There are 2 protein chains.
Amino acid sequence: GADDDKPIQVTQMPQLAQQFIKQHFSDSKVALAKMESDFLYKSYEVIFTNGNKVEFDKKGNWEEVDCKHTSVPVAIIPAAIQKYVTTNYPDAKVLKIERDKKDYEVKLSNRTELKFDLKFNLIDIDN
Amino acid sequence: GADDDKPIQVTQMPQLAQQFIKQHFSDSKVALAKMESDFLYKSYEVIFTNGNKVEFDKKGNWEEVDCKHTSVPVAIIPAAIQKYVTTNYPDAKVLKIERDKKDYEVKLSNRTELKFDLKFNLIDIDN
Ligand SMILES: [Ca+2]
Ligand SMILES: [Ca+2]
Ligand SMILES: [Ca+2]
Ligand SMILES: [Ca+2]
Ligand SMILES: [Ca+2]
């Protein structure tokens, strides 16, 4: 829970996560890194000085990239999802992307939320 | 996709969905009901005249209750989740709840989003 939050240095994060930050957020500055946990999970969150955030699983694989203050770096977005978005919502940016073992969620700047299965088939549009 | 939306009467929705509306939204008025679909899914959405929405799977089982204009009827919220929310966020209402085959998402009026597994163990807090 919230009481279990533990601030850490970026160097205490999994190496996969450290690499991801360097790869995609080289131009951003880290405001706070923490380990988030409860009885049955552990994750890592990094918040940048512009308010954007990335959350990683215990292995350092991203699970949430929330760039609502700018937009999500395109390299992170699966090509089939980027094509769907740029075809059908050409005036929107992707503000957040999430993934788990079953789907991707994408939140657009026009407030639409899309969900895709792991084979990038559309399974929900919410406006 | 958006082009496939098909407006319908509420009586064309699965009976489980019709029952859910009557059970929990007796005081609301239906503005629009539709079948939503793409190649690999079908769902049903009902929007009320106050802007709240419920989405159901093809069988009429709710998957999203978005009551951001009021709050989610408490009877819909699993007891363990209601207890977590009312303990740790006593000033918040639940504005949306979602579920799938693996987790529940809950969005609170203070903008916090919580995720629980199907056994109601906390697996994410996002602020
Ligand atoms: Ca939908
Ligand atoms: Ca939905
Ligand atoms: Ca989800
Ligand atoms: Ca989190
Ligand atoms: Ca998260």
Side-chain angles (χ1 to χ4, degrees), chain A residues 1-5 7-8 13 17 32-41 43-47 51-57 60-66 68 96-101 103-108 112-118 122-127, chain B residues 1-2 5 17 20 33-38 41 43-47 51-57 60-68 72 76 81 84 88-89 95-101 103-108 110 112-118 121-127:
Chain A
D3 289 345
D4 306 290
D5 280 358
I8 56 177
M13 304 176 78
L32 172 68
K34 71 179 192 194
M35 194 178 59
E36 178 188 311
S37 69
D38 203 85
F39 293 120
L40 289 168
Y41 84 99
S43 60
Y44 294 95
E45 289 194 339
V46 66
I47 306 73
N52 290 342
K53 190 197 80 176
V54 181
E55 188 160 21
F56 306 94
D57 70 14
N61 298 120
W62 69 269
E63 286 181 315
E64 176 191 356
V65 177
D66 183 349
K68 67 185 162 280
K96 180 168 53 182
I97 186 169
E98 298 170 287
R99 69 177 173 168
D100 71 2
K101 261 52 210 210
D103 62 26
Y104 298 86
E105 288 177 18
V106 176
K107 182 86 168 161
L108 303 179
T112 296
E113 301 184 12
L114 306 173
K115 290 178 64 178
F116 300 83
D117 72 13
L118 292 189
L122 187 72
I123 61 174
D124 200 357
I125 302 185
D126 291 331
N127 301 302
Chain B
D5 280 358
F20 186 89
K34 71 179 192 194
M35 194 178 59
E36 178 188 311
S37 69
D38 203 85
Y41 84 99
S43 60
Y44 294 95
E45 289 194 339
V46 66
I47 306 73
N52 290 342
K53 190 197 80 176
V54 181
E55 188 160 21
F56 306 94
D57 70 14
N61 298 120
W62 69 269
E63 286 181 315
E64 176 191 356
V65 177
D66 183 349
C67 289
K68 67 185 162 280
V72 172
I76 296 167
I81 291 176
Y84 190 88
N88 294 296
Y89 309 91
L95 295 192
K96 180 168 53 182
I97 186 169
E98 298 170 287
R99 69 177 173 168
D100 71 2
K101 261 52 210 210
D103 62 26
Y104 298 86
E105 288 177 18
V106 176
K107 182 86 168 161
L108 303 179
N110 72 346
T112 296
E113 301 184 12
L114 306 173
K115 290 178 64 178
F116 300 83
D117 72 13
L118 292 189
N121 300 301
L122 187 72
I123 61 174
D124 200 357
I125 302 185
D126 291 331
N127 301 302

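Order of listing sets the numbers, starting from 1, for every ligand and every atom in it. Hydrogens, waters and symmetry mates play no part in the numbers below; they use all other heavy atoms, side chains included. Reminder, nothing fancy here: chain letters follow the sequence lines and each chain counts from 1.
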Residues A:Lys115 and A:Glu105 bridged, charged N to O under 4.0 Å: no

Ionic contact status for B:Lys53 with A:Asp126, cut-off 4.0 Å: yes

Write the atom name of the N, O or S atom in [X] that is nearest the Ca ion (ligand 2).
| X | value |
| --- | --- |
| A:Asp124 | OD2 |
| B:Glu55 | OE1 |
| B:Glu64 | OE1 |

N, O or S from A:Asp126 under 3.0 Å to the Ca ion (ligand 2): yes

Distance-only side-chain donor-acceptor flag, A:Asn127 / A:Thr112, under 3.5 Å: yes

Side-chain donor/acceptor of B:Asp117 to backbone N/O of B:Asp103, under 3.5 Å: no

Under 3.0 Å: N/O/S of A:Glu105 next to the Ca ion (ligand 3): yes

A:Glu45: its N/O/S atom lying closest to the Ca ion (ligand 4) (atom name): OE2

Aromatic ring pairing A:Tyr104/A:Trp62, orientation class (parallel under 30°, perpendicular over 60°, tilted between): tilted

